[PDB]
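Heads up, the thing below is written out as structure tokens.
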Amino acid sequence: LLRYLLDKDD
Amino acid sequence: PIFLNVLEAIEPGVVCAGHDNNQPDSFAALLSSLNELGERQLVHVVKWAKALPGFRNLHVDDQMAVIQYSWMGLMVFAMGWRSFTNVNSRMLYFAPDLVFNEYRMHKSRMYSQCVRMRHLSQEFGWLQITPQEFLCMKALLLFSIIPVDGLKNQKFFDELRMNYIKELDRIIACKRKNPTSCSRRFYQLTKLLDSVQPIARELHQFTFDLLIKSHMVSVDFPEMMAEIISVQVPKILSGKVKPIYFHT
Ligand SMILES: C[C@]12CCC(=O)C[C@@H]1CC[C@@H]1[C@@H]2CC[C@]2(C)[C@@H](O)CC[C@@H]12
Ligand SMILES: O=C(O)Cc1cc(I)c(Oc2ccc(O)c(I)c2)c(I)c1
């Protein structure tokens, strides 16, 4: 889940 | 002047591999740890990459692509740098809790590869590379490997790469005086950058084979690690994805 890391939020 | 401030501010911090330094050095133990460190180091590269100026204005597809193709070269380059400022290139400083010595290099069944990475470390010393020169070069490594047919938006990629290549030129030029040492220096740095590709390719093949027969060798591969090595890496070893060398 690299995309998951690509678009996290903070 | 502002560019260099960014790379320095977004520069990732120390990362532990979580290796049990109390267990007899073995192939499974060492490699399994390296794969874990790779997973942990990967999460930081993603954050680091996003913070990179211009990276955000890149097609989301290319963002995940370039990262999945250069993650290897980036990690090695950084490792060598750490090995140079931590143990004076004596050993390979993969992580604070994962320092590779002559013995571990052999036990990892990749002594020849470790030997090449060590040379890279020593290179940092011989060429007296500065933290500023390093920071930029590493950033340029992110845009140093793409598919043959091209990216979803090759247009913007070439533009960005061009800017980083210019940033490297600035860091150098903005310190020298004569138009002689400036070129020779740019020549040396560009040469040092290309020397990373060959090393990365050998590691790409090794990790590849390891994944294939990881069930019998007792080597664990994290989620992202196993997915990128089984989908992205193959494209590299097959010819689909080829590095971008400065010199022929
Ligand atoms: C990228 C890592 C881990 C992060 C680093 O500091 C550089 C180093 C280079 C060798 C890699 C290792 C991750 C795990 C790999 C890919 C092993 O499977 C074989 C080569 C190892
Ligand atoms: O002038 C300087 O040194 C600072 C500088 C650094 C960079 I890297 C740069 O490149 C782009 C290109 C597209 C884009 O969306 C973004 I955000 C940045 C530019 I323009 C200027």
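Scheme for the structure tokens: letters A, B, ... for chains in order shown; per-chain residue numbers from 1; ligand numbers from 1 in order shown.
Set the cut-off at 10 Å, count only C-alpha atoms, and the residues of chain B near chain A turn out to be residues 42, 43, 44, 46, 47, 49, 50, 60, 61, 63, 64, 67, 68, 223, 224, 225, 227 and 228 of chain B.
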(message) Give me the residues near stretch 231-240 of chain B as number ranges by chain, where near means some atom within 12 Å (using only C-alpha atoms) and where sequence neighbours in that chain fewer than 5 positions away do not count.
(response) B: 64-72, 145-151, 197-198, 200-209, 211-212, 224-226
Quick one: residues within 6 Å of ligand 2, with only C-alpha atoms and all ligand atoms, as a PDB file with N, CA, C and O atoms, in the first residue's frame?
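That gives us selection.pdb:
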ATOM      1  N   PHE B   3      16.769  26.640  -2.030  1.00  0.00           N
ATOM      2  CA  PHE B   3      16.699  25.224  -2.379  1.00  0.00           C
ATOM      3  C   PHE B   3      17.444  24.347  -1.373  1.00  0.00           C
ATOM      4  O   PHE B   3      16.896  23.370  -0.855  1.00  0.00           O
ATOM      5  N   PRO B  53      10.535  19.660  -3.564  1.00  0.00           N
ATOM      6  CA  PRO B  53       9.954  20.722  -4.390  1.00  0.00           C
ATOM      7  C   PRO B  53       9.703  20.296  -5.816  1.00  0.00           C
ATOM      8  O   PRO B  53      10.606  19.859  -6.504  1.00  0.00           O
ATOM      9  N   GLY B  54       8.453  20.425  -6.254  1.00  0.00           N
ATOM     10  CA  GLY B  54       8.089  20.053  -7.624  1.00  0.00           C
ATOM     11  C   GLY B  54       7.546  18.639  -7.727  1.00  0.00           C
ATOM     12  O   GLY B  54       6.825  18.313  -8.674  1.00  0.00           O
ATOM     13  N   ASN B  57       3.781  18.335  -8.113  1.00  0.00           N
ATOM     14  CA  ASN B  57       3.212  18.671  -9.406  1.00  0.00           C
ATOM     15  C   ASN B  57       3.512  17.598 -10.436  1.00  0.00           C
ATOM     16  O   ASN B  57       3.554  17.855 -11.636  1.00  0.00           O
ATOM     17  N   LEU B 160      11.521  18.966 -14.313  1.00  0.00           N
ATOM     18  CA  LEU B 160      11.957  18.884 -12.936  1.00  0.00           C
ATOM     19  C   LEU B 160      13.414  18.392 -12.858  1.00  0.00           C
ATOM     20  O   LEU B 160      14.233  18.995 -12.181  1.00  0.00           O
ATOM     21  N   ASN B 163      15.803  20.980 -13.604  1.00  0.00           N
ATOM     22  CA  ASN B 163      15.968  21.945 -12.524  1.00  0.00           C
ATOM     23  C   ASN B 163      16.889  21.435 -11.434  1.00  0.00           C
ATOM     24  O   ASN B 163      17.701  22.191 -10.890  1.00  0.00           O
ATOM     25  N   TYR B 164      16.774  20.152 -11.106  1.00  0.00           N
ATOM     26  CA  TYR B 164      17.640  19.567 -10.083  1.00  0.00           C
ATOM     27  C   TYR B 164      19.075  19.456 -10.589  1.00  0.00           C
ATOM     28  O   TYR B 164      20.027  19.591  -9.831  1.00  0.00           O
TER      29      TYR B 164
END
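Environment of ligand 1, defined as every protein or nucleic acid residue with an atom within 7 Å of it and counting only C-alpha atoms and all ligand atoms, comprises residues 31, 34, 35, 37, 38, 41, 72, 75, 76, 78, 79, 94, 95, 203, 204, 206, 207 and 210 of chain B.
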Residue subset to file, keeping N, CA and C atoms, as a short mmCIF file (atom, residue, chain, number, x, y, z; two decimals), in the first residue's frame:
data_model
loop_
_atom_site.label_atom_id
_atom_site.label_comp_id
_atom_site.auth_asym_id
_atom_site.auth_seq_id
_atom_site.Cartn_x
_atom_site.Cartn_y
_atom_site.Cartn_z
N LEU B 31 19.33 -10.95 6.44
CA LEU B 31 18.49 -10.56 5.31
C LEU B 31 17.09 -10.12 5.73
N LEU B 34 17.36 -6.73 6.92
CA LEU B 34 17.60 -5.80 5.82
C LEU B 34 16.29 -5.48 5.11
N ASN B 35 15.46 -6.50 4.92
CA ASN B 35 14.17 -6.32 4.26
C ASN B 35 13.27 -5.44 5.11
N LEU B 37 14.32 -3.18 7.39
CA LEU B 37 14.89 -1.85 7.33
C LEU B 37 14.47 -1.19 6.03
N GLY B 38 14.37 -2.00 4.97
CA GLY B 38 13.97 -1.50 3.68
C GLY B 38 12.53 -1.02 3.72
N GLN B 41 12.64 2.20 5.92
CA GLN B 41 13.30 3.26 5.16
C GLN B 41 12.42 3.73 4.01
N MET B 72 15.88 1.79 -4.34
CA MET B 72 17.10 1.03 -4.10
C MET B 72 18.34 1.92 -4.17
N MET B 75 18.46 4.43 -1.19
CA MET B 75 18.83 3.86 0.08
C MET B 75 20.32 3.51 0.17
N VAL B 76 20.88 2.99 -0.93
CA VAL B 76 22.28 2.64 -0.97
C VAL B 76 23.15 3.89 -0.85
N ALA B 78 22.44 6.73 0.44
CA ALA B 78 22.35 7.27 1.78
C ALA B 78 23.14 6.41 2.77
N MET B 79 23.08 5.09 2.57
CA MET B 79 23.78 4.15 3.44
C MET B 79 25.28 4.41 3.35
N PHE B 94 24.31 0.25 7.82
CA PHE B 94 22.94 0.16 7.32
C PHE B 94 21.98 0.85 8.30
N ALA B 95 22.21 0.61 9.59
CA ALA B 95 21.40 1.19 10.65
C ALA B 95 22.17 1.13 11.97
N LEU B 203 21.89 -5.39 -6.71
CA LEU B 203 21.07 -5.59 -5.53
C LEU B 203 19.65 -5.93 -5.95
N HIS B 204 19.24 -5.42 -7.11
CA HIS B 204 17.92 -5.70 -7.65
C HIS B 204 17.79 -7.19 -7.99
N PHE B 206 19.76 -9.70 -6.77
CA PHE B 206 19.90 -10.46 -5.56
C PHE B 206 18.59 -10.54 -4.78
N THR B 207 17.97 -9.40 -4.54
CA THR B 207 16.72 -9.36 -3.80
C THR B 207 15.64 -10.12 -4.57
N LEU B 210 16.16 -13.84 -4.07
CA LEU B 210 15.84 -14.09 -2.67
C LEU B 210 14.34 -14.21 -2.47
#
Please build the interface table for stretch 69-179 of chain B against stretch 191-194 of chain B with a cut-off of 10 Å, listing for each qualifying residue the nearest atom pair and the distance in Å to one decimal; count only C-alpha atoms, order rows by chain and increasing number, and write it as a tab-separated table.
residue	atom	partner	partner_atom	distance
B:73	CA	B:193	CA	9.5
B:77	CA	B:193	CA	8.8
B:120	CA	B:192	CA	8.1
B:123	CA	B:192	CA	7.8
B:124	CA	B:192	CA	8.8
B:127	CA	B:192	CA	9.3
B:137	CA	B:193	CA	7.1
B:138	CA	B:193	CA	8.5
B:140	CA	B:193	CA	8.6
B:141	CA	B:193	CA	7.4
B:144	CA	B:194	CA	9.0
(request) Write out as an MDAnalysis selection string which residues come within 12 Å of residue B:131 when counting only C-alpha atoms, dropping same-chain ones fewer than 3 positions away. (result) chainID B and resid 4:5 7:8 11 78 81:82 84:85 124:125 128 134:138 171:172
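What separates atom CA of residue B:99 from atom CA of residue B:9 is a distance of 26.1 Å.
In the backbone-derived DSSP annotation, alpha helix (DSSP H) within chain A comprises residues 2, 3, 4, 5 and 6 of chain A.
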(message) If you run DSSP on the backbone here, which positions in stretch 22-127 of chain B get strand (DSSP E)? Please write them as a ChimeraX atom specification.
(response) /B:92-95,98-100
Please, could you write that set of residues out with N, CA, C and O atoms as a short mmCIF file (atom, residue, chain, number, x, y, z; two decimals), in the first residue's frame?
data_model
loop_
_atom_site.label_atom_id
_atom_site.label_comp_id
_atom_site.auth_asym_id
_atom_site.auth_seq_id
_atom_site.Cartn_x
_atom_site.Cartn_y
_atom_site.Cartn_z
N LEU B 92 29.86 -1.13 6.80
CA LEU B 92 28.62 -0.63 6.21
C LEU B 92 27.62 -0.33 7.32
O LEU B 92 27.17 -1.24 8.03
N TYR B 93 27.28 0.95 7.46
CA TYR B 93 26.34 1.38 8.49
C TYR B 93 24.91 1.42 7.96
O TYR B 93 24.37 2.51 7.67
N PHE B 94 24.31 0.25 7.82
CA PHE B 94 22.94 0.16 7.32
C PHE B 94 21.98 0.85 8.30
O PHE B 94 21.07 1.55 7.91
N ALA B 95 22.21 0.61 9.59
CA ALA B 95 21.40 1.19 10.65
C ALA B 95 22.17 1.13 11.97
O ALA B 95 23.09 0.34 12.12
N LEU B 98 22.29 -2.19 13.03
CA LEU B 98 22.58 -3.12 11.94
C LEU B 98 23.85 -2.72 11.20
O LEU B 98 23.80 -2.35 10.03
N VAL B 99 24.98 -2.79 11.89
CA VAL B 99 26.27 -2.43 11.29
C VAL B 99 26.93 -3.70 10.73
O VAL B 99 27.14 -4.68 11.44
N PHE B 100 27.23 -3.67 9.44
CA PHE B 100 27.84 -4.81 8.77
C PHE B 100 29.36 -4.80 8.78
O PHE B 100 29.99 -3.86 8.31
#
(request) Figure out the distance between atom CA of residue B:59 and atom CA of residue B:162, please, to one decimal in Å. (result)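 So the answer is 17.0 Å.
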(message) Please compute the atom CA of residue B:122-atom CA of residue B:86 distance, one decimal, in Å.
(response)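 Going from atom CA of residue B:122 over to atom CA of residue B:86, I get 12.0 Å.
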